[PDB]
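Just below is one structure, and these are the notes that go with it.
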Amino acid sequence: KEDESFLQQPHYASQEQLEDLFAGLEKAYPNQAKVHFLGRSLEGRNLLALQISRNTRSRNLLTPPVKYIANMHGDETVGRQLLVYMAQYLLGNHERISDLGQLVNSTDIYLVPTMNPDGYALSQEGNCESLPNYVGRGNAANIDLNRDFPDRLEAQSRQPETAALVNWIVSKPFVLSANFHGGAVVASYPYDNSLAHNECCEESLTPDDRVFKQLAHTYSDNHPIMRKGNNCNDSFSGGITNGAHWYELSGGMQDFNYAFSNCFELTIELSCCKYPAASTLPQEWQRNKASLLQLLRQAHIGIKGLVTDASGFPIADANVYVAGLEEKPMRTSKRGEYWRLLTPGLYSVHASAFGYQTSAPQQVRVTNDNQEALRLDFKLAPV
Ligand SMILES: N=C(N)NCCS[C@@H](CC(=O)O)C(=O)O
Ligand SMILES: *[C@@H]1O[C@H](CO)[C@@H](O)[C@H](O)[C@H]1NC(C)=O
Ligand SMILES: [Zn+2]
C-alpha cells in the first residue's frame, strides 16, 4: 500500500528545507513536478509553488488548475506542513494508487506551503496562541496579509507577498482553491465582509452559496474533528461557517479570489493551537488527508467546455452565464475554456461575448456522479 515515509521524522520544514525538497521532487519527478517562483518576501525569502500535473510542460485542455495556500499567518503552521506532506504523498503514490493517479491526471495542482516566510521565521514553535504585537502573524513590516488584498467593496504597492499572489491568482484560470489557517477548527467560505460592515454573527452570502457550502462540507464532513462543530470553544454547525457570520474582515485573499477571478477559495482552519509541536503533525496528516483529497476532487463538479468561433476557434474572455447565478459569470481562458462548479440539479447555461451574438441557452442535468465535469460547448456568431 501507501508510501507515507514522510512521517518517519516529524519536524517543521524550514525555508531552506522547503526549497531543497521542492527541487528534489522536480528532479525526482521530471515530468510531473515543477517549481514556480511567485516572488520574494521583504527579507529576500523565495515565495515558491510546486505544480503537479499529468504533464508539467503544458496544461491539457479542460484540465482544472487548482491551488492550496498555507501559512499566510506565519504563526499558523499546520497547513504549512500538511501541504509539504501532500506534495510528497501525491508524487510518491500517484503511480501506485489508482484514485491519486486519476486525481493527478485530471487536475493541475499547485501547492504553496507558505505565503509568509518572514512571518514564519519570526514565529515560535509551540505557541498555540500568537505572540506579542501579533509578531509572526503579519509579515516583516507587521501588517496582516489577510487584510492587504484588494476589497470588492472598494493598483499594487501592497506587501510584496500580497502583490506576488495577486499577480499569480489572476495569471491563470484557477477553478478552485483553499487557504489554511490556525486558531480554530472550521471550514469558512465567502463572503468575509459586507456593505453593512457588521462585527459578526450575520451572514454575507455569495451568489454561489450552495456550491460554497458543498465545498466547506466536503472538507469538514471528511474531518473527524471539524465535523463536530464544538472545537476550541467555538460552535460551528456542521463544522463550517460563513466568514462574515463568524466575524467580518476586509482585504482577505479568499474573497479576492471570488470577486476578481473565477476562483472559488475556501478558508480552512486546521488546529486550535496555531503553532503545535511536530509530534502532532502525523495525526494532523491522517485527519486532513481525506478532506484535502476530496476537496480537490470538487474541482470536477458541474460542467466545463469551450466557447468557440464558427471557425471553431476559441473565444477568450467570453462570459458563461447560469440562470440564477448570472451575477457570477465565468470568464473563458485564452483557449476559450471554462469550468462552472455546480451543485447537483438542472440548469440553463448560456454564453456571451462582445462582438458576438449571445448564444441560445442550453439545459443540462448536473449529476455529480462521474469523474469529470459534464462537457458543454458553445459556438457564437459575430454580431
Ligand atoms: N471571519 C472571517 N471572515 N474569516 C475567518 C478566517 S480568516 C481569520 C482567522 C485566521 O487568521 O485564521 C483572520 O483573522 O484572517
Ligand atoms: C494517468 O496517466 C498515466 C500516464 O499517462 C496513465 O498511464 C494512467 O492510465 C493514467 N491514470 C491513472 C494513473 O490511473
Ligand atoms: Zn490565520
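Identifiers in this document derive from the order of the C-alpha cells: chains are assigned A, B, ..., residues are numbered from 1 separately in each chain, and ligands are numbered from 1 in order of occurrence.
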
Could you pull out the residues sitting within 7 Å of ligand 1, using only C-alpha atoms and all ligand atoms, and write them as a PyMOL selection string?
chain A and resi 73+146+181-183+188+192-193+243-249+252+267+269

Give the residues close to ligand 3, within 10 Å, counting only C-alpha atoms and all ligand atoms; write them as a list in words.
residues 70, 71, 72, 73, 74, 75, 76, 77, 137, 138, 144, 145, 146, 179, 180, 181, 182, 183, 184, 267, 268, 269, 270 and 274 of chain A

Write the selection just made, keeping N, CA, C and O atoms, as a compact mmCIF listing (two decimals), in the first residue's frame?
# COMPACT_ATOMS: atom_id res chain seq x y z
N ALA A 70 -0.93 27.96 2.20
CA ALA A 70 -0.88 27.83 3.65
C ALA A 70 -0.02 28.92 4.29
O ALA A 70 0.64 29.71 3.61
N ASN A 71 -0.05 28.97 5.62
CA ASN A 71 0.87 29.78 6.40
C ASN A 71 0.94 31.26 6.03
O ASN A 71 2.01 31.86 6.10
N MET A 72 -0.20 31.84 5.64
CA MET A 72 -0.20 33.27 5.32
C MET A 72 0.00 34.05 6.61
O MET A 72 0.66 35.08 6.63
N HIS A 73 -0.59 33.54 7.68
CA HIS A 73 -0.22 34.00 9.01
C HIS A 73 0.89 33.06 9.47
O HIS A 73 0.65 31.87 9.77
N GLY A 74 2.11 33.61 9.49
CA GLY A 74 3.31 32.87 9.83
C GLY A 74 3.25 31.98 11.07
O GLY A 74 3.94 30.96 11.13
N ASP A 75 2.45 32.36 12.06
CA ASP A 75 2.34 31.57 13.29
C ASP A 75 1.27 30.48 13.21
O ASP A 75 1.09 29.72 14.15
N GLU A 76 0.55 30.42 12.09
CA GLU A 76 -0.42 29.36 11.85
C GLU A 76 0.21 28.36 10.89
O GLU A 76 0.19 28.55 9.67
N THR A 77 0.73 27.28 11.47
CA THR A 77 1.77 26.48 10.83
C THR A 77 1.37 25.09 10.32
O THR A 77 2.02 24.56 9.43
N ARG A 137 2.62 36.72 12.94
CA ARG A 137 1.37 36.60 12.22
C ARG A 137 1.45 37.41 10.93
O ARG A 137 1.25 36.88 9.84
N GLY A 138 1.77 38.70 11.05
CA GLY A 138 1.90 39.56 9.89
C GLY A 138 3.27 39.36 9.30
O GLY A 138 4.05 38.57 9.83
N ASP A 144 -0.96 42.62 8.42
CA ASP A 144 -1.72 41.38 8.29
C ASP A 144 -2.09 41.13 6.82
O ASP A 144 -2.98 41.79 6.27
N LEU A 145 -1.39 40.19 6.20
CA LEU A 145 -1.58 39.93 4.78
C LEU A 145 -3.03 39.58 4.45
O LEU A 145 -3.48 39.78 3.32
N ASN A 146 -3.78 39.09 5.44
CA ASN A 146 -5.17 38.77 5.20
C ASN A 146 -6.03 39.99 5.40
O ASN A 146 -7.24 39.88 5.57
N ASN A 179 -7.15 28.21 1.37
CA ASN A 179 -6.01 28.63 2.18
C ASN A 179 -6.19 28.33 3.69
O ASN A 179 -7.29 28.41 4.25
N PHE A 180 -5.08 27.93 4.32
CA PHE A 180 -5.15 27.29 5.61
C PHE A 180 -4.65 28.19 6.71
O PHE A 180 -3.65 28.89 6.57
N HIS A 181 -5.39 28.17 7.81
CA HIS A 181 -5.11 28.99 8.95
C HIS A 181 -5.20 28.13 10.20
O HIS A 181 -5.61 26.98 10.14
N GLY A 182 -4.82 28.71 11.33
CA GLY A 182 -4.90 28.00 12.59
C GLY A 182 -5.54 28.92 13.60
O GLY A 182 -5.65 30.13 13.37
N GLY A 183 -5.99 28.36 14.71
CA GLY A 183 -6.61 29.15 15.75
C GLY A 183 -7.95 28.52 16.07
O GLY A 183 -8.48 28.66 17.17
N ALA A 184 -8.48 27.81 15.09
CA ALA A 184 -9.75 27.15 15.28
C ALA A 184 -9.84 26.00 14.31
O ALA A 184 -8.92 25.77 13.53
N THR A 267 -11.56 29.27 3.13
CA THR A 267 -10.61 29.49 4.22
C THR A 267 -10.75 28.31 5.18
O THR A 267 -11.83 28.04 5.68
N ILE A 268 -9.65 27.61 5.43
CA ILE A 268 -9.74 26.45 6.31
C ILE A 268 -8.83 26.53 7.55
O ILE A 268 -7.61 26.68 7.45
N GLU A 269 -9.48 26.41 8.71
CA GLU A 269 -8.81 26.45 10.00
C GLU A 269 -8.53 25.02 10.45
O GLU A 269 -9.46 24.21 10.56
N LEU A 270 -7.27 24.70 10.72
CA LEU A 270 -6.88 23.31 10.95
C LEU A 270 -6.76 22.90 12.42
O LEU A 270 -7.19 21.81 12.80
N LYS A 274 -2.34 27.34 17.15
CA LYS A 274 -1.79 27.93 15.93
C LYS A 274 -0.49 27.25 15.50
O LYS A 274 -0.33 26.88 14.34

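With only C-alpha atoms and all ligand atoms as the basis for measurement, A:371 is the residue among A:157, A:371, A:254, A:5 that approaches ligand 2 most closely.
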
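Using only C-alpha atoms and all ligand atoms, residues with at least one atom at most 8 Å away from any atom of ligand 2 are residues 54, 94, 95, 96, 97, 98, 99, 100, 101, 102, 103, 104 and 105 of chain A.
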
Shell of 12 Å around residue A:168, only C-alpha atoms, local chain residues under 5 positions omitted, as a compact mmCIF listing (two decimals) with C-alpha atoms, in the first residue's frame:
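This went into result.txt:
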# COMPACT_ATOMS: atom_id res chain seq x y z
CA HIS A 36 7.31 28.11 -9.83
CA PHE A 37 8.73 31.38 -8.47
CA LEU A 38 5.98 33.82 -7.46
CA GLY A 39 8.17 36.44 -5.87
CA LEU A 47 7.78 32.51 -2.38
CA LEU A 48 7.50 29.18 -4.21
CA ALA A 49 4.74 26.98 -5.64
CA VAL A 66 -6.25 24.41 -8.63
CA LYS A 67 -4.19 25.75 -5.71
CA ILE A 69 -2.01 28.00 0.02
CA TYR A 110 -0.34 23.91 -7.25
CA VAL A 112 2.11 26.79 -1.68
CA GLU A 161 3.82 38.81 -0.63
CA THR A 162 0.35 40.09 -1.39
CA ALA A 163 1.40 41.58 -4.74
CA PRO A 173 -7.86 30.47 -14.69
CA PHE A 174 -7.84 28.82 -11.27
CA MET A 253 -7.38 36.65 -0.10
CA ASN A 257 -10.26 35.10 -5.49
CA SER A 261 -11.37 35.91 -10.78
CA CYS A 263 -11.64 31.01 -8.46

Can you list every residue of stretch 185-283 of chain A that has an atom at most 12 Å from stretch 323-339 of chain A, with its nearest atom pair and the distance in Å to one decimal, using only C-alpha atoms, ordered by chain then number, as CSV?
residue,atom,partner,partner_atom,distance
A:206,CA,A:328,CA,9.2
A:207,CA,A:325,CA,6.2
A:208,CA,A:325,CA,7.0
A:209,CA,A:325,CA,10.0
A:210,CA,A:325,CA,10.6
A:211,CA,A:325,CA,11.0
A:258,CA,A:328,CA,8.7
A:259,CA,A:328,CA,8.6
A:260,CA,A:328,CA,10.5
A:261,CA,A:331,CA,8.1
A:262,CA,A:330,CA,5.8
A:263,CA,A:330,CA,9.2
A:264,CA,A:328,CA,10.8

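Nearest residue to residue A:287, choosing from A:321, A:256, A:191, A:219 and counting only C-alpha atoms: A:219.
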
List every residue of stretch 227-379 of chain A that DSSP, applied to the backbone of this structure, assigns to strand (DSSP E), and report them as a VMD selection string.
chain A and resid 240 to 242 264 to 269 303 to 308 319 to 322 330 to 331 337 to 340 345 to 352 362 to 366 374 to 375 378 to 379

Keeping only C-alpha atoms, write the selected residues as a short mmCIF file (atom, residue, chain, number, x, y, z; two decimals), in the first residue's frame.
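Heads up, here's the output in result_23.cif:
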data_model
loop_
_atom_site.label_atom_id
_atom_site.label_comp_id
_atom_site.auth_asym_id
_atom_site.auth_seq_id
_atom_site.Cartn_x
_atom_site.Cartn_y
_atom_site.Cartn_z
CA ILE A 240 -18.47 25.17 8.67
CA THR A 241 -19.24 28.88 8.78
CA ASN A 242 -19.64 31.99 6.68
CA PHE A 264 -13.65 29.64 -5.53
CA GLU A 265 -11.40 29.81 -2.44
CA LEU A 266 -12.27 28.43 0.99
CA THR A 267 -10.61 29.49 4.22
CA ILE A 268 -9.74 26.45 6.31
CA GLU A 269 -8.81 26.45 10.00
CA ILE A 303 -19.59 21.47 -16.14
CA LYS A 304 -16.89 22.68 -18.43
CA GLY A 305 -16.49 23.48 -22.10
CA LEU A 306 -15.38 25.69 -24.92
CA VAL A 307 -16.74 28.90 -26.28
CA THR A 308 -15.55 28.86 -29.83
CA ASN A 319 -18.80 35.05 -20.45
CA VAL A 320 -20.69 31.92 -19.47
CA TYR A 321 -23.90 32.50 -17.50
CA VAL A 322 -26.09 30.16 -15.44
CA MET A 330 -17.17 32.54 -15.71
CA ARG A 331 -14.65 34.23 -17.95
CA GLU A 337 -12.17 27.14 -21.66
CA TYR A 338 -14.47 27.47 -18.67
CA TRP A 339 -15.31 25.30 -15.69
CA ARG A 340 -18.51 26.06 -13.81
CA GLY A 345 -29.60 19.90 -10.32
CA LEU A 346 -30.61 21.15 -13.75
CA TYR A 347 -29.58 24.44 -15.31
CA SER A 348 -29.91 26.70 -18.34
CA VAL A 349 -26.42 27.74 -19.33
CA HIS A 350 -25.58 30.37 -21.95
CA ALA A 351 -22.56 32.25 -23.22
CA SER A 352 -21.91 35.76 -24.43
CA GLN A 362 -28.69 25.05 -23.20
CA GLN A 363 -30.34 22.95 -20.50
CA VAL A 364 -28.17 20.45 -18.66
CA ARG A 365 -28.83 17.98 -15.86
CA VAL A 366 -25.90 18.19 -13.46
CA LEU A 374 -20.08 17.46 -17.91
CA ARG A 375 -18.83 18.82 -21.24
CA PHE A 378 -20.73 27.00 -27.34
CA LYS A 379 -20.38 28.40 -30.83
#

Residue neighbourhood residue A:63, 7 Å, only C-alpha atoms, exclusion window fewer than 4 positions, as JSON, numbers by chain
{"A": [59, 106, 107, 108]}

Next, the residues of the selection above should be written as a tab-separated table (two decimals), in the first residue's frame with N, CA, C and O atoms.
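Just written: out02.tsv:
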chain	number	residue	atom	x	y	z
A	59	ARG	N	-0.79	22.50	-19.92
A	59	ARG	CA	-1.98	22.10	-19.19
A	59	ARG	C	-2.93	21.52	-20.23
A	59	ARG	O	-3.29	22.21	-21.18
A	106	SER	N	-6.07	14.32	-14.02
A	106	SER	CA	-7.24	15.09	-14.41
A	106	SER	C	-7.24	16.49	-13.84
A	106	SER	O	-8.11	17.30	-14.17
A	107	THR	N	-6.28	16.78	-12.96
A	107	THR	CA	-6.22	18.08	-12.29
A	107	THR	C	-4.83	18.66	-12.32
A	107	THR	O	-3.84	17.94	-12.19
A	108	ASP	N	-4.76	19.97	-12.49
A	108	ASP	CA	-3.49	20.69	-12.47
A	108	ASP	C	-3.33	21.35	-11.11
A	108	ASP	O	-4.00	22.34	-10.80

Can you pull out every residue from stretch 91-219 of chain A that DSSP, working from the backbone, puts in alpha helix (DSSP H), and format the result as an MDAnalysis selection string?
chainID A and resid 91:93 98:106 117:121 160:169 209:219

Pick from A:251, A:78, A:84, A:370 nearest to residue A:158, counting only C-alpha atoms:
A:251

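Of the residues listed (A:202, A:369, A:148, A:26), A:26 shows the shortest atom-to-atom separation from residue A:87; distances use only C-alpha atoms.
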
Spatial neighbours of residue A:233, max dist 12 Å, only C-alpha atoms, sep filter under 3 positions, as a ChimeraX atom specification
/A:183-186,228-230,236,272
